[PDB]
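Here is the structure we will look at, set down as structure tokens.
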Amino acid sequence: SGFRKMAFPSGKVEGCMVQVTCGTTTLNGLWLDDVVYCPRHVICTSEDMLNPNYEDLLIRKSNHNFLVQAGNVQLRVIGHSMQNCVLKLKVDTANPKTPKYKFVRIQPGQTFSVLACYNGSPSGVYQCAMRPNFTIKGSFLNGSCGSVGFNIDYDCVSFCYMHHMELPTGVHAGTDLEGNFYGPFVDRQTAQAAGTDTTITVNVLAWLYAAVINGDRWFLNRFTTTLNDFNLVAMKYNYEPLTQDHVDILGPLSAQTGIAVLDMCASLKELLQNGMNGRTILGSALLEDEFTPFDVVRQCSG
Amino acid sequence: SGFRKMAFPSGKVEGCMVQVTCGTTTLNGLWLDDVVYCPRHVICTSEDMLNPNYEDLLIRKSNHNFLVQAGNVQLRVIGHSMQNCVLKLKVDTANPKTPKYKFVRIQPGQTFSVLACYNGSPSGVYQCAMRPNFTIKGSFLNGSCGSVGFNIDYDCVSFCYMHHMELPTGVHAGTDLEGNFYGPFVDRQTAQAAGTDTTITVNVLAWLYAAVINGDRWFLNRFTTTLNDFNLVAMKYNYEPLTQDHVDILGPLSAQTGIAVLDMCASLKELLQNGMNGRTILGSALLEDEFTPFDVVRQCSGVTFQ
Ligand SMILES: N#CCC(=O)NC1CCCCC1
Ligand SMILES: [Cl-]
Ligand code: NA
């Protein structure tokens, strides 16, 4: 029993974190086989913040301009190339700790673990979710760029996020491991603002199902709703639209608990209307939206 | 910016996790040097659990009755002995991945990272606090016994918890790595209940400081208070008493933010008596008490471990 915000064990990713230095800038790199991946803005100077021409800045660099340090060991850079907003540094040594891995670009609402690192060394691991506005609500200090987000399927590491910058509202933006930013953001210091964020409705419903599995039913009701009436109500609370795709995803959790998906939708509508009235659900006085249906089944069933 | 419930990087402990099987029971063991540590109730059948005599149950077992698997490699048990509620299995091979480590016993209100394991394979990591009633609000399924809790202090892993059982209320109980239970619990299938819990006051204050660092300031007010006055309110609301040592520990946060500790206690006094009034603090409608002052300093400064 119990339900916690659970991250993946970080050891497989820890063995891949290195430090990348270019000029006076130092951030984190991801060392997989004989390639080190890091944000391309490591090559920017103080005058290259607003409108850097990365092709022009990169063509001026030599392999020895990049200092890559793995633990107490300097790796020799033997080549470099740009792919979108990430830099790929070819090194003369394959990482002997390289796990089974792949790169996956995730969709809003998906969750992943973040290994926050500074100077190539991990600081902590926590759980995140891609917000509907393509930001993440992380915990990052200066020097955390190049930290990665990931999931682990059995023993294969799925890298899905690399940290690039913090927006003025204190939220964070980054790329997949192919260098493509999540959302409309760019690696420039020009004024950028995240769109108004919304609640991940399918995740809230999955987390209500988790509460029932763990033995709590106080929030259910005798009502149901149509899918459209639910959405008409939920939008007024800044909730994401619930699609038929989302209803299908919740099928297994519905079958396990015996509560139809649209019945849970009616329970959610009432919670938004009433609040919790001094009660809690799985230890929280707010509705939690950073547990996916996949997260719930993995944590509640193994 | 940002503040998250953050666990220590679990890599050093992942390399110590093994599978231990005794008869039909399989759980997790901790492999350090040439000894595997696991709960002593691994030797018990279902009827043994009702009223076990662990010394007598252990005599019948031979070294080959303990099947230890490190990954896909079997470990040869060459000796077995008991220390309190943990079993110690001497193996023929020292763990080459043994980190610099100590066995430590933590205090209520202290936090630690849990590496949840099944069949010797780590599956999750999350942060817990040792509650004042000596339970932890964990997330454990069947097969998770032997999962361990730990902190990291400059390359040295401090092992502080090993999971043993779940209480009827869904919270969890375990021992230190020397077999001593946290709380008034025993490893036997019998009527056991967690005592009435209280809120860790020093941790709530630390988390309010984390909120101020991150720009959440609406709960600040003009008032201050005294230790005696605040503890009267804390007792009324089932909050642990605030000691002078707690005030000293919060000292660094009191200067990084510019908010005195007693100044913050007056904010907490008002929040307890009036509530949050529809507002939130660091994205929470409840007062979070599982961040220690050292946790808040560590996350808001960037301290790393190898
Ligand atoms: N089961 C299952 C699949 C699942 O959890 N789907 C997620 C994908 C990301 C958005 C939120 C829903
Ligand atoms: Cl996805
Ligand atoms: Na005050």
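Chain letters run A, B, ... following the sequence lines, proteins first, then strands; residues in each count from 1. Just so you know, these numbers use all the heavy atoms, side chains as well, and skip hydrogens, waters and symmetry mates.
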Any side-chain heavy atom of A:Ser123 sitting closer than 4.5 Å to one from B:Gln299? no

As an exercise: rank B:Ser139, B:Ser284, B:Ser144, B:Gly138 by heavy-atom pairs under 4.5 Å with chain A and give me the winner. B:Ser139

If you count every heavy atom of other residues, nucleotides or ligands that lies below 6.0 Å from A:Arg279 atom CZ, does the total exceed 12? yes

Of the backbone (N, CA, C, O) and the side chain (C-beta and beyond), which part of B:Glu166 lies under 4.5 Å from a heavy atom of chain A, both, or neither? side chain

Using non-hydrogen atoms only, which part of B:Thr280 is less than 4.5 Å away from chain A: side chain, backbone, both, or neither? side chain

Between A:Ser1, A:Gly15, A:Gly120, which residue shows the highest count of heavy-atom pairs closer than 4.5 Å to chain B? A:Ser1

Please check if atom CD in B:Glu270 has more than 12 non-hydrogen atoms from other residues, nucleotides or ligands closer than 6.0 Å. yes

Return the option, out of B:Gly2, B:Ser113, B:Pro9, B:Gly283, with the maximum number of heavy-atom pairs under 4.5 Å with chain A. B:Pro9

Over 12 non-hydrogen atoms of neighbours within 6.0 angstrom of CZ in B:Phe294: no

Side-chain donor/acceptor of B:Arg4 to backbone N/O of A:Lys137, under 3.5 Å: yes

Heavy-atom count around B:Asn274 CG within 6.0 Å, excluding the residue itself: above 12? yes

Against chain B, work out which of A:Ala7, A:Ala285, A:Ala116 has the most heavy-atom pairs shorter than 4.5 Å and name it. A:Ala7

Do you know which two heavy atoms are closest between A:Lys5 and B:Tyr126, and how far apart they sit? O-CB, 3.8 Å

State whether the side chain of B:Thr304 and the backbone N or O of A:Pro122 hold a donor-acceptor pair below 3.5 Å, judged by distance alone. no

More than 12 heavy atoms of other residues, nucleotides or ligands under 6.0 Å from CG of A:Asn277: is that the case? yes

Answer with side chain, backbone, both or neither: which region of B:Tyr118 has an atom nearer than 4.5 Å to a non-hydrogen atom of chain A? neither

Rounded to the nearest 0.5 Å, how far apart are OG of A:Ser301 and CG of B:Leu141? 7.5 Å

Check whether B:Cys128 gets within reach of chain A through its side chain, its backbone, both or neither, counting any heavy atom under 4.5 Å. both

Measuring heavy-atom distances to chain A, does B:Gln127 have an atom under 4.5 Å in its side chain, in its backbone, in both, or in neither? backbone

d(B:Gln306 CD, A:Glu14 CD) to nearest 0.5 Å is 10.0 Å

Counting only N and O atoms by type, is there a donor-acceptor contact under 3.5 Å from the side chain of B:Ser10 to the main-chain atoms of A:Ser10? yes

